[PDB]
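Quick note, the sequences are listed as chains A, F and E, same order.
The deposited numbering runs 141 ahead of the 1-based position in the first sequence.
To convert, note that position 27 of the second sequence is 27 in the deposited numbering; the numbers rise steadily by one, no gaps.
To convert, note that position 7 of the third sequence is 7 in the deposited numbering; the numbers rise steadily by one, no gaps.
Using N, Cα and C, we set each Cβ at its ideal position, and we do this for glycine too.
Beneath this line is the structure, given in structure tokens, with notes to follow.
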Amino acid sequence: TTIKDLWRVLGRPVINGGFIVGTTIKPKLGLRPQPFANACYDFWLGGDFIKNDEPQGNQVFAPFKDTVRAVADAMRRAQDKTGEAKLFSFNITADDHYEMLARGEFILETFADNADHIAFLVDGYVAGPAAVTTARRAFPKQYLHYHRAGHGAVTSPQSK
Amino acid sequence: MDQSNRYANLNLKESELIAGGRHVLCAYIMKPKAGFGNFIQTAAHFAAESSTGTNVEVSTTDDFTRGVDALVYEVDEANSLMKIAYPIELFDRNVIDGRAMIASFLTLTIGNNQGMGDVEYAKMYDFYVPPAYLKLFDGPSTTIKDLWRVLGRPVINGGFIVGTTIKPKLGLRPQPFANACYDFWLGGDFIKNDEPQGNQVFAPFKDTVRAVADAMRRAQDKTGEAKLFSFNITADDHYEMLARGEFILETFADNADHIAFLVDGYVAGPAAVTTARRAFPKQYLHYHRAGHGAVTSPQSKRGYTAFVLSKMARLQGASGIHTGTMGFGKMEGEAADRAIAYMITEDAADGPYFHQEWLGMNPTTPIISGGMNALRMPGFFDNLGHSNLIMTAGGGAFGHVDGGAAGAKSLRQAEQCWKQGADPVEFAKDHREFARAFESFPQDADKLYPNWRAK
Amino acid sequence: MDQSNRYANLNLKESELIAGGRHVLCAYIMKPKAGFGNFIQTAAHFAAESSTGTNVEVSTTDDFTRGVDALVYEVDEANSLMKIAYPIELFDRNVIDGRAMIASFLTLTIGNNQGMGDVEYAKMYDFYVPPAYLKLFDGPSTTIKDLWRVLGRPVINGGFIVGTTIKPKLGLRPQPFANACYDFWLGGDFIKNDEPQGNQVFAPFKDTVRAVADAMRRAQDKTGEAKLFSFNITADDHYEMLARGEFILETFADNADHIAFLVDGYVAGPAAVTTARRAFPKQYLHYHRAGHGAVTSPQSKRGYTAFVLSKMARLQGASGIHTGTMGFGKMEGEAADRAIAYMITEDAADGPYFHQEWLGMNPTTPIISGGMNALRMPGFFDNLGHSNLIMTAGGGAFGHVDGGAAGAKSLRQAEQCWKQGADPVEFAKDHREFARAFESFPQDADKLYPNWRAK
Ligand SMILES: O=C(O)[C@@](O)(COP(=O)(O)O)[C@H](O)[C@H](O)COP(=O)(O)O
Ligand SMILES: O=C(O)[C@@](O)(COP(=O)(O)O)[C@H](O)[C@H](O)COP(=O)(O)O
Ligand SMILES: [Mg+2]
Ligand SMILES: [Mg+2]
Ligand SMILES: [Mg+2]
């Protein structure tokens with residue numbers, strides 16, 4: 142999957158479809174499910190793309206399924222309001238391969254006719270190539286968002 | 001009962017329906033049966049039985065239902081033409097991934113309406129899919145580009161892939177089968193299972209696959225060239241399809257990307273094609289269409305055309321599909337079928353009724369097969385205009401007087417001749433295998449190149 | 001070119017081929033295209049392209065291949081009849097369980113031969129399967145018997161199942177849909193999804209299943225009788241079919257054995273039917289055949305007949321398949337189609353050309369649908385000879401002047417009328433719901449019972 146598949150969903154030209162306006166939901170952690178979805182709604186009124194901050198997942202104060210449901214609702218309300226398509230990149234990073242599947246499958250089922258508006262984010266450096274490949278091979282039809290948190294430990298020029 | 005007031009609106013503009021992007025348009029050649037309704041009444045009933053209605057009024061109908069009625073927006077009784085617009089909301093979607101299914105498109109647009117007692121016949125010649133519906137289809141994940149890469153050819157316009165079908169269609173035991181594979185590969189690139197070849201009692205699946213894997217390695221070592229095979233994994237049982245595919249990929253090991261998977265999509269159905277498409281997206285999906293002639297034939301006035309079948313196949317995710325020899329081979333076909341090739345390869349193309357933008361959806365390769373040989377190829381390429389495709393000649397190769405290997409080279413040389421724009425008879429003078437194709441099929445040479453006995 | 005020497009042996013006796021039990025026999029109505037070979041030459045080539053050969057001689061052919069050739073063993077040009085014997089060794093088998101697949105049968109017996117350029121048309125009217133091949137097919141695992149048991153009827157000859165299809169075909173949102181279900185169930189037994197109903201954006205699958213499950217519980221409490229529903233689980237993607245099937249069974253819980261699974265077997269293909277058959281063998285498999293008319297119609301001279309389709313469906317494992325209204329409804333059909341019902345229900349039955357022993361393979365129910373109502377039912381039953389079947393009337397029930405519940409009862413009473421051998425008009429005097437069907441469909445009542453308004 143490429144930006145082209147994101148351009149197509151947005152109704153942009155598939156060749157040089159241009160700039161995708163995005164944000165990361167902040168606070169990095171701490172927003173409970175509905176406050177999270179409200180911020181998503183607010184940004185989508187002016188922007189295209191929203192990613193989970195890299196650690197956001199299934200924290201005790203923001204349960205995964207409740208948060209996904211609220212975000213799906215926010216997407217529908219924002220698209221109804223603006224008349225334009227909106228995208229979200231969900232973090233499905235996990236140690237357990239089957240947890241990654243369970244997260245991805247629930248998201249795609251929840252979003253339903255907006256399923257192709259969904260990207261899957263993987264913390265590829267800390268979880269490893271194995272996590273990246275899990276998402277790549279299980280969900281090839283969903284835009285695979287490689288997040289590289291932790292990479293700086295080696296990639297920094299300070300490192301030799 | 002007359003349902004034209006509800007299911008017909010000829011004041012609708014086709015250009016506005018397209019621009020709106022909320023409708024699938026279908027163009028039919030339909031004729032009402034005598035002793036029922038007139039053209040519009042029948043067309044209206046047709047639309048109803050294909051969307052929201054039945055043959056009588058029901059109390060359960062509400063205003064929301066009426067909003068999604070399929071509408072007859074254009075008719076031309078003189079040419080028996082009928083055009084229907086389907087609100088895209090009608091078509092079924094997967095619960096698991098929100099994507100489209102061609103089975104739904106088929107059920108509504110060409111299902112029960114094919115059995116209506118008040119219709120004599122009705123055939124779909126074209127359909128239009130808008131972006132919002134188009135982007136929900138799988139589309140091809142693998143293309144000829146990936147075959148070109150394995151062969152070491154340029155990934156852009158990598159050219160002609162010389163192929164064949166193993167003959168006998170059935171009867172070769174595992175090693176005789178593999179020996180035929182080895183022989184052809186000495187001169188050619190591509191080999192497919194004949195469509196019924198699988199796990200016959202006299203040619204067990206695993207033994208045949210093993211022998212062919214060995215044959216591939218021996219041919220690649222001998223020639224120093226990469227070789228391809230398209231294995232039939234068609235089955236009723238989804239898990240049989242997986243088991244066959246998985247064994248093939250494991251057996252071939254480091255040659256696993258040399259493997260294509262063949263599916264008899266028309267008789268086994270869209271479900272079988274999708275099984276292969278979704279389970280093995282990294283393997284070239286070879287859509288074989290055996291049985292299609294029952295409806296696509298011009299002799300038939302029912303079902304859908306070969307154009308329609310090919311266009312559906314692209315949405316389904318076929319890496320390549322058989323498009324026929326366009327009148328140059330043994331099967332029914334027309335030169336005008338070139339338009340079928342263009343519709344499945346280009347990003348923008350014209351159908352008989354609708355222009356289609358594919359929005360960067362991957363192309364489907366035209367696979368040329370059916371009584372082709374070296375002599376018939378130049379004419380075929382002239383009509384199509386390019387050779388960026390797969391062509392197979394079973395009889396044309398193994399029926400070569402000098403054997404399968406020579407047969408393969410005759411196909412290679414035949415395309416080189418067309419590419420060079422040379423005269424076939426003159427070209428043959430400096431190309432033995434191609435020249436020997438004249439003697440292999442003298443009846444063809446006599447008809448195609450009168451007074452060829454120059455040699 | 002001329003292959004009659006190899007692929008034709010008219011000295012073969014059909015009785016010995018049958019007694020031999022080593023051949024699948026197929027009967028075609030074929031016409032050669034003008035300007036090619038005669039009948040036997042064309043039939044021979046037909047056999048070649050359907051078994052071991054191609055349109056030319058190949059060097060790879062050995063004596064073993066010659067042994068499994070399909071043979072033309074009978075011809076009658078005057079009647080355009082052609083009979084071919086296929087050695088059962090030709091047909092593909094599963095690696096995983098050694099069982100048969102109908103895809104192979106289709107690919108060989110009615111695949112590529114439907115596109116041959118030298119053939120004008122060819123249609124299969126009958127086929128024979130010998131024991132050695134017959135026993136390798138799944139057959140039905142669930143039958144009407146399992147529905148009768150749920151209803152509390154005798155498991156042998158449990159009688160008529162009063163059914164309907166929910167109309168509008170599409171457009172009812174979840175709760176209006178469930179309301180229509182509840183209403184009909186007050187008078188009827190069985191409800192099926194209209195064939196395209198699934199997971200439309202305005203009627204999400206899981207919400208609809210939930211609403212229908214609630215409707216079933218409410219209707220059963222109210223009536224004190226068991227109620228059945230047949231859900232469409234058709235999809236391109238095998239896993240989409242499973243996801244739908246599993247959710248339904250879990251949702252209905254202690255009513256799970258009240259559930260049938262409907263599959264559009266013709267457009268989705270044999271692969272889809274088999275997915276449901278093998279994944280849910282304990283759930284009634286409802287084979288819906290939308291699209292079939294494109295080949296089975298007598299207007300078509302290609303493909304195969306409805307008889308052939310039905311016979312295959314029994315092998316495939318269909319619990320029931322639509323067999324049509326046999327001329328009494330809105331779809332194309334003839335009274336002689338009664339023979340189709342007999343072939344799929346009995347252990348021994350005659351086809352147009354072949355007698356078939358089924359060796360105790362489970363029966364397939366004749367499912368009657370298409371423009372039926374209370375008024376049309378007696379005539380239909382007279383021609384068939386029994387009412388041990390499922391009949392649905394969508395428009396016939398929800399088009400009833402007093403609503404779905406009254407519609408349901410009118411169908412019940414219509415069958416009660418026929419079984420009692422009473423005169424419909426006289427019977428109506430003491431059965432209001434049935435009498436009100438006359439007023440619901442006055443054009444039907446006028447022809448079927450001319451002076452019904454007098455009384
Ligand atoms: O069985 C055959 O006849 C072929 O292997 C061709 O063999 P030859 O090369 O020996 O003729 C192909 O399956 C047909 O061409 C299919 O037809 P289409 O491509 O029209 O669907
Ligand atoms: O969509 C329909 O028309 C039906 O639900 C009948 O509705 P009605 O009762 O309102 O006519 C059935 O699918 C057809 O009968 C199929 O034909 P067949 O059984 O011949 O395959
Ligand atoms: Mg971050
Ligand atoms: Mg073939
Ligand atoms: Mg129906």
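Only residues of its own chain outside the window of five on either side were considered, and among them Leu-151, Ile-161, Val-162, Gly-163, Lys-227, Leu-228 have a CB closer than 7 angstroms to the CB of F:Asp-189, listed in chain order. Of all residues in the region 191 to 205 of chain F, the ones placed with a Cβ closer than 7 angstroms to any Cβ belonging to chain E are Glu-195, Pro-196, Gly-198, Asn-199, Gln-200, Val-201, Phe-202, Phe-205, in chain order. Among the CB atoms of chain E, none fall inside 9 angstroms of the CB of F:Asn-388. The beta-bridge partner set that DSSP reports for E:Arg-93 consists of E:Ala-100. In summary, the residues of the region 390 to 421 of chain E whose CB is separated from some CB of chain F by less than 7 angstroms are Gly-394, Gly-395, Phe-398, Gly-399, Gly-403, in the order they occur in the chain. The C-alpha of F:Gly-317 lies about 4 angstroms from the C-alpha of F:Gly-139.
A distance criterion of 8 angstroms places the beta-carbon of F:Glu-332 beyond contact range of ligand 4, judged by its closest non-hydrogen atom. Here the C-alpha atom of A:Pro-204 lies approximately 16 angstroms from the C-alpha atom of A:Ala-215. Between A:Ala-253 and F:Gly-98, the CB-CB gap stays under 9 angstroms.
Distance from the C-beta of E:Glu-195 to the nearest heavy atom of ligand 5 is below 8 angstroms. Interface flag for F:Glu-49 against chain E is set, since a Cβ pair is found closer than 9 angstroms. Taking CB atoms only, A:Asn-157 has no neighbour in chain F less than 9 angstroms away.
Using a CB distance cut-off of 9 angstroms, F:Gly-291 does not count as an interface residue toward chain A. For A:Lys-145, the nearest CB of chain F lies under 9 angstroms from its own CB, placing it at the interface with that chain.
Per DSSP, the continuous beta strand (DSSP E) segment holding E:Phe-229 begins and ends at 228 to 232. Collapsing the DSSP output to three states places F:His-45 in a helix. Within the DSSP secondary-structure output, F:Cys-181 pairs in no beta bridge.
Residues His-23, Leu-25, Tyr-73, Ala-85 of the same chain have their beta carbon placed closer than 7 angstroms to that of E:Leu-17, with the five preceding and five following residues left out of the count. Judged by beta-carbon spacing, F:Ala-256 lies beyond the 9 angstroms limit of F:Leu-262, meaning their Cβ atoms are not closer than that value.
For chain E, the residues of the region 215 to 249 of chain F that bring a beta carbon within less than 9 angstroms of one of its beta carbons are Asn-232, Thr-234, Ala-235, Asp-236, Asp-237, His-238, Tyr-239, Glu-240, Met-241, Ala-243, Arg-244, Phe-247, in chain order. Distance from the CA atom of A:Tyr-284 to the CA atom of A:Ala-260, rounded to whole angstroms, is 5 angstroms.
Residue pairing by DSSP puts E:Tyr-287 in a beta bridge opposite E:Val-263, E:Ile-321. Distance from the CA of A:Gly-245 to the CA of F:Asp-221, rounded to the nearest whole angstrom, comes to 44 angstroms. For ligand 1, no non-hydrogen atom lies closer than 8 angstroms to the CB of F:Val-308. With a contact defined as Cβ atoms closer than 8 angstroms, F:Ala-243 and E:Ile-96 qualify at about 5 angstroms. For the region 367 to 385 of chain F, the residues whose beta carbon sits under 9 angstroms from a beta carbon of chain E are, in order, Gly-370, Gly-371, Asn-373. In this structure, the beta-carbon distance from F:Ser-387 to F:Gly-159 falls below 9 angstroms. Close CB contacts of F:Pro-196 within its chain, under the 7 angstroms cut and outside five residues either way in sequence, are with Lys-169, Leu-170 (chain order). What A:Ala-256 touches in chain F, judged by beta-carbon distance under 8 angstroms, is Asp-97, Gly-98, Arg-99, going in chain order. The beta carbon of E:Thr-165 sits closer than 6 angstroms to the beta carbons of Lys-192, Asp-194, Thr-392, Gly-394 from its chain, once the five residues preceding and following it are set aside; these are given in chain order. Listed along the chain, the chain A residues whose CB falls inside 8 angstroms of the CB of F:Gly-360 are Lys-145, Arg-149, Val-155, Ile-156.
With the criterion set as a beta carbon lying under 7 angstroms from some beta carbon of chain E, the members of the region 105 to 123 of chain F are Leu-106, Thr-107, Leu-108, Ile-110, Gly-111, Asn-112, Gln-114, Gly-115, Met-116, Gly-117, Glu-120, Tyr-121, in sequence order. DSSP lists E:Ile-191 as the beta-bridge partner residues of E:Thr-164. For the C-beta of F:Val-267, the chain E residues within less than 7 angstroms are, from N- to C-terminus, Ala-103, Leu-106, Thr-107, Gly-111.
Contact with chain F is absent for A:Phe-261, since none of that chain's Cβ atoms lies less than 9 angstroms from the residue's Cβ. Residue contact with chain F for E:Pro-270: present (Cβ-Cβ distance below 9 angstroms to some residue of chain F).
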